[PDB]
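Step one of this worksheet: look at the structure below.
4 protein chains.
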Amino acid sequence: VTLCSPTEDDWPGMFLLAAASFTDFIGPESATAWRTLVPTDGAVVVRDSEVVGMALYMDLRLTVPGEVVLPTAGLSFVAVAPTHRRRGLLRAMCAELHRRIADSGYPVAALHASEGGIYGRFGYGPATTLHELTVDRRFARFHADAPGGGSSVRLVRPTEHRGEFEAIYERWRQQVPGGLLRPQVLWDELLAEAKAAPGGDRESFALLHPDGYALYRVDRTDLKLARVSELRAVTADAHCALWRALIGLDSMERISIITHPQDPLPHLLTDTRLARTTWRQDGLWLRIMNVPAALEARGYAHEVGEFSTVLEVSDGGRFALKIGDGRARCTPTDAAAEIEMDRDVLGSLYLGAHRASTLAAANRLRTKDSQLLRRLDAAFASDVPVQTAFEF
Amino acid sequence: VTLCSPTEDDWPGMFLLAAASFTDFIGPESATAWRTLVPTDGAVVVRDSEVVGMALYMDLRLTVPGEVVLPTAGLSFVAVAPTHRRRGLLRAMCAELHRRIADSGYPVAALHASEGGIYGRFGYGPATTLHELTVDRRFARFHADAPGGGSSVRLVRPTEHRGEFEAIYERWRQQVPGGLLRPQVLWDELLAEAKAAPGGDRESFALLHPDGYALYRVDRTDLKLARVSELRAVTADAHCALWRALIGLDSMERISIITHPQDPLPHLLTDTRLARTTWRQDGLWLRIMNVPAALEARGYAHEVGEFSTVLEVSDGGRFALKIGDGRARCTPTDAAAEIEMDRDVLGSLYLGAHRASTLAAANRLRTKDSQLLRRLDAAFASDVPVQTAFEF
Amino acid sequence: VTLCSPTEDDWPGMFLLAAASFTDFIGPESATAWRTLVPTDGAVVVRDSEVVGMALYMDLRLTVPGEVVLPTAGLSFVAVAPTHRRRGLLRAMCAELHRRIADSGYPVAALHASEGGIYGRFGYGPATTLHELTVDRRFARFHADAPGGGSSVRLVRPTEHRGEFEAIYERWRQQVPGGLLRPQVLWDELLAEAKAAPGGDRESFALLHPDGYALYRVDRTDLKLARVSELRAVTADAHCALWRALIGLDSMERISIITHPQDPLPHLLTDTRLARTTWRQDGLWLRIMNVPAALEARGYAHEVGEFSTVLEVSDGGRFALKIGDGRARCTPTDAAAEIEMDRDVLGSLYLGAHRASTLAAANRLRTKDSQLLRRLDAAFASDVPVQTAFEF
Amino acid sequence: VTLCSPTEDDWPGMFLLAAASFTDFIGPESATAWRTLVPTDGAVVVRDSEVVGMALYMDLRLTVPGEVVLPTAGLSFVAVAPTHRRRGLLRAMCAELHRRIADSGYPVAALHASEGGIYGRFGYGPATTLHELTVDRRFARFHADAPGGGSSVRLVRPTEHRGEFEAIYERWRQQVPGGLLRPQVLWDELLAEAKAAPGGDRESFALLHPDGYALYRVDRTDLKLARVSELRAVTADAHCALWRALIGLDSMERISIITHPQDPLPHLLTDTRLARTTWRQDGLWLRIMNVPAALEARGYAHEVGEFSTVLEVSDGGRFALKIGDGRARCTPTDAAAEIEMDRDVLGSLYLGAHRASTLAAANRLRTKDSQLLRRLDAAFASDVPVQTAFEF
Ligand SMILES: COc1ccc([C@H](CN(C)C)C2(O)CCCCC2)cc1
Ligand SMILES: COc1ccc([C@H](CN(C)C)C2(O)CCCCC2)cc1
Ligand SMILES: COc1ccc([C@H](CN(C)C)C2(O)CCCCC2)cc1
Ligand SMILES: COc1ccc([C@H](CN(C)C)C2(O)CCCCC2)cc1
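Protein sequences, first through last, are from chains D, E, Z and Y. According to the UniProt record's numbering, the first sequence holds residues 3 to 50, 56 to 156, 160 to 402 in order. According to the UniProt record's numbering, the second sequence holds residues 3 to 50, 56 to 156, 160 to 402 in order. According to the UniProt record's numbering, the third sequence holds residues 3 to 50, 56 to 156, 160 to 402 in order. According to the UniProt record's numbering, the fourth sequence holds residues 3 to 50, 56 to 156, 160 to 402 in order.
This is how it looks when you write it as structure tokens:
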């Protein structure tokens with residue numbers, strides 16, 4: 003077993019491992035479009056020869072609180088052959104890619120986890136929360152207060171309005187923590203999946219507003235369920251107008267969407283309970299590669315007064331952290347730690363999805379000052395709720 | 003149709019309406035113990056004679072942020088006969104009880120809603136969130152950081171340790187927003203439901219720690235599911251120790267609990283995803299009866315700097331609101347409103363369960379200042395997460 | 003194996019066979035109340056000794072078209088031990104009871120069939136149709152035309171209004187084909203089943219109108235389903251008023267009832283489709299014991315002009331049948347048959363539930379005259395739709 | 003929003019609205035074959056431009072009692088964009104098409120309803136009843152009386171016997187109320203759907219008798235269920251022979267068919283209960299456009315003696331109605347009404363599927379004469395049971 007950057011010759015062995023590892027694997031042509039986002043030296047393989060392990064990262068741009076955009080290494084396509092389990096292949100592949108990612112100057116790495124038990128030990132913390140809402144649209148009535156009581163929304167074919175979707179998404183990704191730049195190859199892929207497949211997905215339709223769009227398709231087996239694959243709204247008016255149109259799908263019983271915990275939809279209805287939470291899971295995981303670069307790069311809440319503390323990340327350094335006027339300064343120190351946590355915990359705090367107080371109650375974050383805990387909670391809170399852009 | 007305080011003679015007609023209206027109705031003897039909490043003039047009936060409508064409130068004590076305890080009117084036992092629907096009976100009964108509640112000096116009313124679409128129009132807003140977590144305990148391993156790695163926890167018969175449960179709950183209710191005083195008749199009722207019933211519930215067991223207790227019973231139909239009816243933990247150590255014991259129920263596959271969104275349990279595990287959110291619904295609803303008395307009574311976040319605004323509640327007054335050093339002053343004004351909302355929206359903000367920004371995005375809260383929105387969000391936030399005490 | 007009238011000593015052996023044969027068997031005390039309706043010589047047993060077969064009939068009064076009431080032998084409690092199958096016990100028991108029934112002067116026998124394949128060969132034809140309607144009452148709105156848009163309906167405890175139920179049912183049974191006299195022991199039994207059982211049925215409630223009553227109970231497992239056990243309405247106004255009250259059970263999702271195919275309920279609603287047919291099965295089976303006495307006793311449709319034919323029942327005689335002015339005369343003849351059918355087919359025609367044309371299309375009824383078929387269809391039609399009274 | 007006859011340019015916008023509105027939408031090529039049946043001026047669109060509403064009618068021939076064939080406007084392809092709900096688009100489109108249909112000389116309009124609550128208010132009444140029968144063919148034995156105890163039935167490929175299917179269906183449609191002429195484009199469509207689809211329907215087979223045919227296919231998911239899409243039998247012998255062959259599908263557990271309430275199948279079996287009613291819904295809806303032309307065109311039952319009455323249709327005229335010798339005369343009058351009903355109720359009576367007495371019991375039909383009700387019931391009854399031809 004040796005660990006190497008793959009040559010062109012390795013890619014069929016990687017596609018075989020992929021097919022056998024990932025049921026969602028569309029196939030070589032689709033993976034060749036995601037390959038464009040992978041830099042030179044972005045991939046490792048383990049050969050025994057034949058490919059028994061692989062892992063890569065893609066070049067991404069991730070929006071963090073304060074509308075700051077970070078270069079982000081997106082780990083993906085990670086697989087160990089079922090023949091080579093418990094041989095330390097994952098550990099060796101993650102250590103090598105992390106070395107390259109850190110040396111390349113990325114302040115943050117990110118991934119979507121296939122199981123919740125794997126990535127904590129490599130320093131990844133769950134940083135966004137997926138929340139499925141299912142609306143029984145037969146009972147749904149809009150509240151007297153809800154905006155937009160002509161329609162500004164049009165029912166359209168997605169492929170005929172690519173430009174408008176691209177422009178609305180670009181505005182949304184820059185203003186929302188969790189937003190990711192979507193490269194044009196990923197618009198190619200998205201619009202190809204919109205098409206219906208024999209024995210596969212049904213055709214996707216779009217609802218298009220000047221300041222938002224919703225992409226939806228009827229479920230293959232449940233013909234009374236419409237699944238919203240993506241709703242991007244830049245204004246509250248756009249969000250309400252799009253939900254008025256979705257609730258107008260009179261041939262459906264139910265509309266489902268994978269959204270975020272602060273989605274205002276339930277509050278648009280006279281019965282908030284009609285927007286049922288049917289599923290809840292971790293979305294984007296973060297590994298802070300460079301603690302000072304990450305902490306200094308994001309914006310903090312202006313509401314909390316200036317405060318100074320000493321933060322120790324387990325095997326990640328100790329820092330004098332001063333937060334004031336929405337900005338952090340984070341410098342080396344050997345002064346006594348006032349706060350300690352593993353690297354994964356910092357990733358979970360970083361976008362505002364998890365409260366320092368919640369993590370402290372599990373002893374994942376350790377402090378003897380409850381006042382400092384309240385200050386951390388308030389300062390790391392995000393004004394714009396954190397959302398999940400697209401899986402990678 | 004006349005509306006009156008019931009006489010002793012009305013109570014059998016009320017118990018008949020109850021039996022026909024509420025499947026959860028245990029029976030007259032149980033309802034006679036809840037009757038003790040109902041003050042003189044706490045009940046209304048509509049006669050046609057026979058009882059075709061009823062509603063009452065109970066005298067409760069509700070903990071709000073800052074560990075402040077308010078006298079609270081708990082509306083319950085509300086029913087209209089299926090023979091007298093759409094005759095305005097509910098509207099007439101709610102108006103009369105609200106008049107009595109306000110005249111009696113209660114700053115707040117509260118209820119548990121049988122449907123989500125009814126109570127908004129009478130000024131009640133959902134104020135707590137029930138979150139069911141189901142753990143697949145066969146995979147559950149505690150994180151290296153989790154506290155308590160002899161056991162301080164004992165498996166006991168609930169009826170033999172009444173004193174210790176009473177004392178732990180008393181400490182928990184005073185320190186937790188949402189906490190309710192539990193009167194001794196309600197301890198009588200709770201310990202009677204612990205007993206097994208032929209063709210009914212299985213026997214309840216307790217796990218008892220010096221600083222917490224968990225009451226649980228195996229599901230009647232699912233013999234591999236244990237349902238935690240109540241876990242009250244005064245310290246993080248007590249919470250972790252109790253979950254170590256629950257995960258040690260080796261004959262179960264699954265442990266379920268109705269908890270709150272900030273329950274630290276998922277963070278105690280190496281796989282956070284094992285604590286699945288299987289259900290989510292509104293818990294306690296609040297109607298603010300007296301806006302200035304309620305706003306002045308609770309504590310606010312010390313992190314946010316002093317600020318002044320003008321709040322209009324639709325048909326509930328306009329107030330100069332000044333929040334500083336964790337305290338509010340709320341005085342009459344005819345100055346221009348900077349914030350407007352219906353009374354129900356204020357109830358939803360009051361315990362910290364809903365963000366002003368979230369309600370603003372649905373246009374339930376109206377302001378032209380985004381800075382004021384961030385300040386309201388931060389100030390109404392609760393340091394101790396809001397929990398739901400017990401249904402009434 | 004001998005066949006005898008049971009002595010008092012045989013009854014425990016019969017109750018043992020009953021318990022082992024009938025899952026619906028309430029027990030000896032309940033069966034001892036049904037025993038009162040069984041005449042001297044109304045029962046047979048086969049001993050091997057131990058009881059290996061039994062069958063009995065009860066003295067009933069059955070309403071047929073024209074509001075005519077016939078003495079009816081109600082066969083029931085029919086069982087062969089699982090140890091003595093395929094020994095001709097059923098055939099021997101049915102032949103003996105039929106001999107006694109015919110000799111006693113009963114023009115008709117009736118039963119409720121545990122399977123559809125058994126009773127045709129002994130001359131029983133299905134004569135009524137059970138139709139389960141399930142209403143999704145959350146969508147149900149009454150049509151502008153529906154009657155009864160104070161309520162004349164009261165929600166009551168069944169046991170407190172026995173007299174009123176008895177009187178309404180007496181009026182309904184006399185005016186409805188299929189009606190059966192309900193003896194007071196059967197009112198005792200009905201009101202005992204109204205009571206809730208630990209691990210059993212939930213309590214029954216009644217809706218009481220001057221001209222109808224509905225008995226209903228929440229399903230033991232489905233707490234959002236109310237099952238109407240019995241709705242007896244003497245007027246259309248009573249029927250509509252009772253359904254307005256049932257649709258007002260706001261805590262239920264669904265109301266189900268076992269009714270008849272001509273129940274007007276669907277036509278009371280703006281959406282007829284909301285009253286879904288979820289189940290359909292044979293109800294009351296008839297064996298015509300004496301062809302001329304039965305055909306002469308019922309009323310026929312006044313719309314059809316006088317006509318004469320010759321009817322042959324297979325092994326049941328040949329008759330000159332003259333139908334005019336709503337009356338039949340049915341006399342012996344050896345003239346050529348114009349219509350032939352097995353005895354079971356006549357039972358199926360007798361109350362109007364099945365069309366002669368439908369049975370002719372299956373060749374269960376044989377004629378070469380299509381005009382005679384149309385005349386039979388029209389003449390045997392019932393003005394008041396046929397309903398099923400109560401199982402026996 | 004303007005309302006217009008579509009130009010060729012509007013049809014892609016209509017196909018987009020169709021795809022988004024109808025999950026059963028096969029696609030443009032299939033809809034272009036149904037377009038042939040749509041006359042010039044048979045279609046309306048609402049533009050906002057883009058298509059936000061559409062509705063059309065097709066030229067059909069409908070068989071009514073007496074084997075009379077009426078020109079019938081078949082409304083279909085009716086959709087409002089989910090963006091333009093509650094703007095009166097349906098009302099405006101139905102009013103315009105009804106104006107054109109009436110002016111064109113159609114005595115009747117018809118449709119298949121996607122929901123039961125929409126079409127009553129535009130004067131459409133449900134006129135046929137779909138009844139799904141599911142037979143457990145493992146228990147099914149034919150009665151000694153059933154016809155056809160060599161087989162006259164052949165198992166064939168539908169596409170190889172098009173001529174014979176066309177000829178049998180032509181005979182059946184002319185002799186059965188509810189029958190519709192099937193144009194050759196609809197035979198093209200039917201035989202194309204017979205072919206199997208990858209990830210779609212399995213191949214269809216036919217059973218062919220000189221006087222009937224059955225088209226059936228194994229269910230895609232349930233491989234032990236055969237679904238009969240269509241059984242057309244001109245004689246009872248053909249019906250019995252076809253069911254003998256279907257019950258001979260020894261690899262199936264269950265045969266299901268969508269038939270009519272008077273299907274003789276259950277009576278062909280020794281156990282009638284084996285032919286279970288698993289589904290029941292409205293089939294064809296009728297709007298009587300011209301009351302006198304429709305009432306005069308159909309045949310009436312010869313059994314009922316001559317009678318005269320005065321019928322008022324709400325906003326549809328008042329008529330002296332004389333029914334005798336199977337014929338009606340229906341002339342204008344201002345004499346006092348003896349019978350009143352909304353137009354939709356007349357459509358429900360017109361083919362014999364609903365009894366005047368049943369509609370009277372719901373107060374949809376109003377009279378003070380019970381004798382007149384019995385006469386209407388008998389006269390509007392259909393000798394040949396009403397069946398549903400094919401959906402449009
Ligand atoms: C060649 O590099 C990649 C990277 C990612 C992908 C896929 C992205 N999907 C979200 C469409 C993936 O789904 C990632 C998980 C493993 C299967 C393939 C493809 C190629
Ligand atoms: C007589 O006053 C009351 C008030 C409340 C109750 C019950 C409380 N449960 C939580 C045990 C209730 O469950 C409230 C909802 C309606 C049914 C009865 C009883 C009597
Ligand atoms: C002793 O005679 C009888 C006759 C009938 C019964 C019961 C009647 N039920 C409808 C309550 C029966 O249900 C009939 C079927 C067999 C089981 C008992 C009892 C005793
Ligand atoms: C272009 O005109 C029409 C009319 C009807 C149809 C379809 C007929 N099916 C029964 C095959 C329809 O199914 C009707 C309901 C809406 C979807 C399409 C097609 C085109």
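Using N, Cα and C, we set each Cβ at its ideal position, and we do this for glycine too.
Grab the span of the alpha helix (DSSP H) containing residue i for me, first residue to last.
i	result
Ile125 of chain Y	That residue, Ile125 of chain Y, is in no alpha helix (DSSP H); it is neither H nor E in DSSP.
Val314 of chain Z	It is not in any alpha helix (DSSP H) - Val314 of chain Z carries neither H nor E in the DSSP assignment.
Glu103 of chain D	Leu96 to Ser111
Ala346 of chain E	It is not in any alpha helix (DSSP H) - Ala346 of chain E carries neither H nor E in the DSSP assignment.
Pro302 of chain D	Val301 to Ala307
At a Cβ threshold of 8 angstroms, is residue i touching chain B?
i	result
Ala21 of chain Y	Considering every chain present, this structure includes no chain B. Its protein chains are D, E, Z and Y.
Under 7 angstroms Cβ-Cβ, which residues of chain D neighbour residue i?
i	result
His91 of chain Y	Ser161
For a contact defined as C-beta to C-beta under 8 angstroms, what are the partners of residue i on chain D?
i	result
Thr25 of chain Y	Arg212, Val228, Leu233 and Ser261
Residues in the same chain with beta-carbon distance under 6 angstroms from residue i, minus the five sequence neighbours each way, listed in chain order, please.
i	result
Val314 of chain Z	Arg385, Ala388 and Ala389
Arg376 of chain D	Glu350
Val396 of chain Y	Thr135, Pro187, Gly188, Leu361, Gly362 and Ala363
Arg286 of chain Z	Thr141
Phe146 of chain E	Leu284
For residue i, does the count of other Cβ atoms within 10 angstroms reach 16, so buried, or fall short, so exposed?
i	result
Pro276 of chain Z	buried
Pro78 of chain Y	exposed
residue 159 of chain D	Missing here is residue 159 of chain D; chain D as given proceeds from 156 to 160 without the residues in between.
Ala206 of chain Y	exposed
So with CB distances below 9 angstroms, who are the chain Z contacts of residue i?
i	result
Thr280 of chain Y	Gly123, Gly124, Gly127 and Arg128
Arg283 of chain Y	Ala120, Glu122, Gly123, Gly124, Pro133, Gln291 and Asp292
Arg365 of chain Y	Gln272 and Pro395
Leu18 of chain E	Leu165, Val166, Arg167 and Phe215
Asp247 of chain E	Simply none; closest approach about 40 angstroms.
Specify, as a first and last residue, the run of the beta strand (DSSP E) that residue i falls within.
i	result
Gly60 of chain E	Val58 to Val71
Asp354 of chain E	Note, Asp354 of chain E: premise wrong, no beta strand (DSSP E); alpha helix (DSSP H) at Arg353 to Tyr360.
So residue i contacts chain Y; which residues on that side make the cut at Cβ distance below 7 angstroms?
i	result
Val314 of chain Z	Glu313
Given that residue i touches chain Y, what residues does it touch there, using C-beta distances under 9 angstroms?
i	result
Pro208 of chain D	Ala207, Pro208, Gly209 and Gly210
Along chain D, which residues have their Cβ under 9 angstroms away from the Cβ of residue i?
i	result
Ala388 of chain E	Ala311, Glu313, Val314, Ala388 and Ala391
With a threshold of 8 angstroms on Cβ separation, who are the neighbours of residue i within its own chain once the five nearest residues in sequence on each side are excluded?
i	result
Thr343 of chain Y	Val320, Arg328, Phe329 and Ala330
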